[PDB]
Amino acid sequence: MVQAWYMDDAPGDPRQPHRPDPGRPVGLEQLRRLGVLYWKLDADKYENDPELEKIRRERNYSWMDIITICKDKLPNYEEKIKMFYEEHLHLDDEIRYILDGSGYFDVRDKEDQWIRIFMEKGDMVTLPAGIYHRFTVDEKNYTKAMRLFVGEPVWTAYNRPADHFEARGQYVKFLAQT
């Protein structure tokens, strides 16, 4: 299924699991109900994978490239790192397919609590426009992720608070409107 839990309030290293024992799991249905989508895919065949190309069609993901997140490959690693884990939203959907390595994507639930989602090689997610999230690598310190977008991309992150944007209002309507 998926590896996801309500993460702890603990401060300290973000790249740690922040996964309390005992703790409450999180499933697919719950994430779906938050507008979040998920897929498992053959990460070796990505360069010519029908399933990937089917999803892209169905979702008009016309745009794609790859980011390799690690100290020696990504320029301004430490700054970029800090930016990702800042809580923010987007005015469009955020689509990552992890091709290699792994990391965590946290989102807030219907009661504004942090959910942590562990993403591995082969895992793909979509975080709907308007959802407050953040991202961090785990202690392996490496994530390679195909980024996807509907047409030409706009990367802008608006940190929290950003509750005035229409995308934010639309998403919060969507939650109440189940």
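Quick note: we count residues from 1 along the sequence shown, nothing fancier.
- Higher mean CA temperature factor between 116-124 and 36-44: 36-44, per the PDB entry.
- As the entry records it, the average C-alpha temperature factor is higher for 46-54, out of 46-54 and 137-145.
- Per the deposited record, 83 carries the highest C-alpha B-factor of all listed residues (95, 107, 89, 83).
- When the modelled residues of the chain are ordered by C-alpha B-factor, residue 168 sits in the lowest third.
- For residue 161, the recorded CA temperature factor ranks within the middle third of the chain's modelled residues.
- Among the modelled residues of its chain, residue 131 has a C-alpha B-factor that falls in the lowest third according to the deposited record.
- Among the modelled residues of the chain, residue 69 sits in the middle third by CA temperature factor in this PDB entry.
- Placement of the Cα temperature factor of residue 11 within the chain: highest third of the modelled residues, per the deposited record.
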